[PDB]
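This document opens with one chain alone, in structure tokens, the form solved without the ligand.
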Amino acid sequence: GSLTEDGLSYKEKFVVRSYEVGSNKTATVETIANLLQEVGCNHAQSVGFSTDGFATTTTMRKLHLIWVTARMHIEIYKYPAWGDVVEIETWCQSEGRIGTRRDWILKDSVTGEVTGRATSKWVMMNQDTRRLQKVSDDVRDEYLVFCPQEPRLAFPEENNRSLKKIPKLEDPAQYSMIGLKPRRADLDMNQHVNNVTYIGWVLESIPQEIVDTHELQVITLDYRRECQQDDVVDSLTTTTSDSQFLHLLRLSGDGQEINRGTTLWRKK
């Protein structure tokens, strides 16, 4: 991978691996999400930011401040097949004192056509107290020189799927997958659960008949709380309708919410 000619975005090519594909011989949404996360790491390394998923500066490290994902939105038109090369382009943009946004464009290396796109909202948080805070001007100026100055949105449409309010699922849920625990392969280098695992856990409550006859087109996921290594999760789904679903991840014991989201599927 490498920064583009203007140094305001990053591109990387990936060959789809054998263990990265689902039952339709194409990459899973979790493989796509892992690749967006990997290209985001390489963009942060290529410009001197901390490489560990938190994209910190020496100022943030001193203050014990990290960037955390608050929302992930992904739309896939064509899943790359096993052996195919996918080219992902990523860039960041400041959203004032609210936080940062990271966008992605997925393309077929052979045809050059857009096969998918993603957007994510990141917030500043103290790693110890887990207390969110507004972005300070000392921090803003450190990353602004690596962002395009004019708006560059992967999802430009005025009021679109990526910025909608997600409601809380009402009990009883139509579908559920209970007793979900993370293993060591689900943890990152800092022993925290990888944000791609939450996507897999959300999709675990989608019935197999939907997976066998439909393809996932859109997924929006809000991150409210983190799941610890020794926590147990319950995944809940209800049909709100193409097939649309409302999702909810909550701790198995007290029922504390960790995630909420929506998925949209198309008939194959």
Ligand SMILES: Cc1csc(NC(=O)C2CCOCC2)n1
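Heads up: residue numbers just count along the shown sequence, starting at 1. By rigid core we mean the largest C-alpha set that fits within 1.5 Å across both forms.
Undergrad: Following superposition on the rigid core, is the mean squared CA displacement, expressed as RMS, greater for 212-220 or for 57-65 in 9 other deposited structures of this protein?
TA: The stretch that sits farther from the shown form in 9 other deposited structures of this protein is 57-65.
Undergrad: Give, as the answer, the stretch of 135-143 and 188-196 that departs more from the shown form in 9 other deposited structures of this protein; the measure is RMS Cα distance after a core fit.
TA: Farther on average in 9 other deposited structures of this protein: 135-143.
Undergrad: At a threshold of one third of the other compared entries, does residue 51 come out as unmodelled?
TA: Yes, a third or more of the compared structures omit it.
Undergrad: Look at the stretch from residue 241 to residue 242 and count the residues of the deposited sequence that the entry does not model, then pick none, 1 to 3, 4 to 9, or 10 or more.
TA: Missing residues, residue 241 to residue 242: 10 or more.
Undergrad: With reference to the PDB entry, specify whether the mean Cα temperature factor is higher for 134-142 or for 188-196.
TA: It is 134-142.
Undergrad: With reference to the PDB entry, specify whether the mean Cα temperature factor is higher for 155-163 or for 96-104.
TA: Comparing 155-163 with 96-104, the higher average CA B-factor belongs to 155-163.
Undergrad: From 235, 229, 69, 31, pick the one with the largest CA B-factor in the entry?
TA: Answer, based on the entry's C-alpha B-factors: 229.
Undergrad: Is residue 172 in the lowest, middle or highest third of its chain when residues are ranked by C-alpha B-factor?
TA: Within its chain, residue 172 is a middle-third residue by C-alpha B-factor, going by the deposited values.
Undergrad: Compare the C-alpha B factor of residue 18 with those of the other modelled residues in its chain, then answer lowest, middle or highest third.
TA: Within its chain, residue 18 is a lowest-third residue by C-alpha B-factor, going by the deposited values.
Undergrad: Where does residue 49 sit by CA temperature factor within its chain: lowest, middle or highest third?
TA: For residue 49, the deposited C-alpha B-factor lands in the middle third.
Undergrad: For the chain shown, is the CA B-factor of residue 39 in the lowest, middle or highest third of its modelled residues?
TA: Residue 39: CA B-factor falls in the lowest third of its chain.
Undergrad: Using the B-factors in the PDB entry, rank residue 122's C-alpha atom against the chain and give the third, lowest, middle or highest.
TA: Ranked within chain, residue 122 CA B lands in the lowest tercile.
One more form of this protein, solved in complex with the ligand, exists but is not displayed; see below.
Undergrad: Find out whether any non-hydrogen atom of residue 55 is located within 4.5 angstroms of the ligand in the deposited complex, and reply yes or no.
TA: Close contact exists here: in the deposited complex, residue 55 approaches the ligand to within 4.5 Å, heavy atoms only.
Undergrad: Is there any non-hydrogen atom of residue 41 lying within 4.5 Å of the ligand in the deposited complex?
TA: Because a heavy atom of residue 41 falls inside 4.5 Å of the ligand in the deposited complex, the answer is yes.
Undergrad: Does any heavy atom of residue 72 come within 4.5 Å of a heavy atom of the ligand in the deposited complex?
TA: Within the cut-off, so yes.
Undergrad: Please run the contact check for residue 196 against the ligand in the deposited complex: heavy atoms, 4.5 angstroms, yes or no?
TA: Contact check for residue 196: yes, within 4.5 Å of the ligand in the deposited complex.
Undergrad: For a quick check, can you give me the residues of 102-116 that have a heavy atom within 4.5 Å of the ligand in the deposited complex?
TA: In sequence order, 102, 104 come within 4.5 Å of the partner.
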